Each structure stands twice: as C-alpha cells, then as structure tokens.
Amino acid sequence: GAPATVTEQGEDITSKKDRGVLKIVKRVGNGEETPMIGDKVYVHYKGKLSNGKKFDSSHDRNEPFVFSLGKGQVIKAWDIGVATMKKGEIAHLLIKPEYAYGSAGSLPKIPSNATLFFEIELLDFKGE
Ligand SMILES: COc1cc2cc(c1OC)OC[C@@H](CO)OC/C=C/[C@H](O)[C@@H](C)OC(=O)[C@@H]1CCCCN1C(=O)[C@H]2C1CCCCC1
C-alpha cells in the first residue's frame, strides 16, 4: 500500500537523516515558492495510524485544515513536511513516533510509539 511505497521510495526530509519523516510527491504543484515559518497554510489531508486502527480527514469536517507553519500547532513531521510543498502539490508522509506523538502517545486516540501516515494536498499559503 501507499505507506509501504513510502518506506521503499520516499525521500528522508529530516535534518538528522534518521528516516523519521519520509516523503513521496504524488502530484506536482505550481511555482517555485514553498511556505515559510509563520505562513498561514491551507490543506486537505487523510491520516491514519500505519496499523489502520484510527483514520482522520479534513473532509470529515467539510472544510480545509488551516494552521500556521512552524508555530506550535501540528506534530513536528508536519512543520517539516508541509514546508517542502508547493501550491497544489499532493504528497505522502510516513512518520516515526519521535516526529509525531512519541513514547507518550496521545491516549486513547494515539498509542505509544505510533507510526503515522498522511496524504496531504497543499491548497494555499499566505504570509502572517
Ligand atoms: C491527537 O489529536 C488529534 C490528532 C489528529 C486529529 C485530531 C486530533 O484531535 C485533536 O482531530 C481532528 C481535529 C479536531 O477535530 O484536529 C486537527 C488538527 C489537530 C492538531 O493539528 C494536531 C493534534 O494534529 C496533528 O498535528 C496531526 C497533523 C494535522 C492533522 C491532524 N493530525 C493528527 O495527528 C490526527 C491523527 C488522528 C488519528 C490518525 C492519525 C492522525
């Protein structure tokens, strides 16, 4: 499936090169610019435990998911991964627990030491 394809072909976009955030571009975006820290960012996404026990999607709430890049609001893996994307890109991320919810987890929704998978579409981003 898509997660395994990321393991196999995904680029390691971590600074430590620890495979903690792996990325495959699934549909290329438009123009050169990528978001900067502080930018207000608009996305659609589908996320699941890589074990498929829990799923989530912006679509379930009927509207884009909006957050400020680099600004405390999402797991580390998203701050890292969404920063690499272009307006209109869709990407897959596979995420080790250190870059998501760690040994602590976020019980009962997210277990300890959980690996996460997302599909993300960057819809837009605007400066603060
Ligand atoms: C741990 O708590 C949650 C995790 C996840 C989604 C959650 C959530 O409950 C707050 O609810 C959906 C809405 C609130 O209706 O919240 C969206 C973004 C929330 C925040 O940005 C944080 C908590 O989420 C994240 O950083 C990441 C990346 C952005 C999208 C949501 N994501 C998640 O980890 C998902 C999670 C749900 C279970 C399957 C794996 C993804």
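The first residue of the sequence shown is numbered 1, and numbering continues consecutively from there.
A side-chain donor-acceptor contact under 3.5 Å links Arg19 to the backbone of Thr7. Side-chain N or O atoms of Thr14 include none that pairs as donor or acceptor with a backbone N or O of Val21 at under 3.5 Å.
The two residues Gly81 and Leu93 have their closest heavy-atom pair at CA-CD1, 4.2 Å. A pairwise comparison of heavy atoms in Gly127 and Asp39 identifies CA-OD1, 3.5 Å as the closest pair. When all heavy atoms of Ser58 and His44 are compared, the closest pair comes out as OG-ND1, 2.7 Å. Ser103 approaches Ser112 most closely through the heavy-atom pair O-OG, 2.7 Å. Nearest heavy atom pair, residue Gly10 against residue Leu22, reads O-CD2, 4.1 Å. Closest approach of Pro3 and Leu94 over heavy atoms only: O-CD2, 3.7 Å.
Counting heavy atoms from C-beta outward, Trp78 and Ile80 have side chains that stay 4.5 Å or more apart. Residues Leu49 and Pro111 have side chains in contact (heavy-atom distance under 4.5 Å, counting atoms from C-beta outward). Looking only at side-chain heavy atoms (C-beta outward), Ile120 and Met85 come within less than 4.5 Å of each other. Side chains of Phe67 and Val82 form a contact here, defined as non-hydrogen atoms less than 4.5 Å apart. Inter-residue side-chain proximity for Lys109 and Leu107 is flagged as unmet; no heavy-atom pair is nearer than 4.5 Å.
Remark: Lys17 engages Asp12 in a side chain to side chain contact (heavy atoms under 4.5 Å, CB included) (not counting sequence neighbours).
Distance CZ/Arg27 to NZ/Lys86: 13.5 Å, rounded to 0.5 Å. Between the OH atom in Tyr42 and the CG atom in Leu123 there is a gap of 10.5 Å [rounded to 0.5 Å].
Partner of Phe118 under the side-chain contact (heavy atoms from CB on, under 4.5 Å) criterion, out of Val6, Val43, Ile75: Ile75 alone. Evaluated for a side chain to side chain donor-acceptor pair (under 3.5 Å) with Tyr99, the options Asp18, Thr115, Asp79 yield exactly one hit, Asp18.
Inspection of the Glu119 and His92 side chains reveals an N or O donor paired with an N or O acceptor under 3.5 Å. Inspection of the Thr84 and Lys23 side chains reveals an N or O donor paired with an N or O acceptor under 3.5 Å.
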Exercise. Please test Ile24 against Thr5 for side chain to side chain contact (heavy atoms under 4.5 Å, CB included), starting from the C-alpha separation and ending with a verdict.
Key: CA-CA 9 Å; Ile24 303 186; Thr5 297; 3.8 Å; yes

Self-check item: Residues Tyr45, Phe65; criterion ring-ring contact (aromatic ring centres under 6.0 Å, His included); working and verdict
Solution: CA-CA 8 Å; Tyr45 68 93; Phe65 175 56; 5.7 Å; yes

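Using a 4.0 Å cut-off between charged nitrogen and carboxylate oxygen, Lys26 and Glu89 do not count as a salt-bridge pair.
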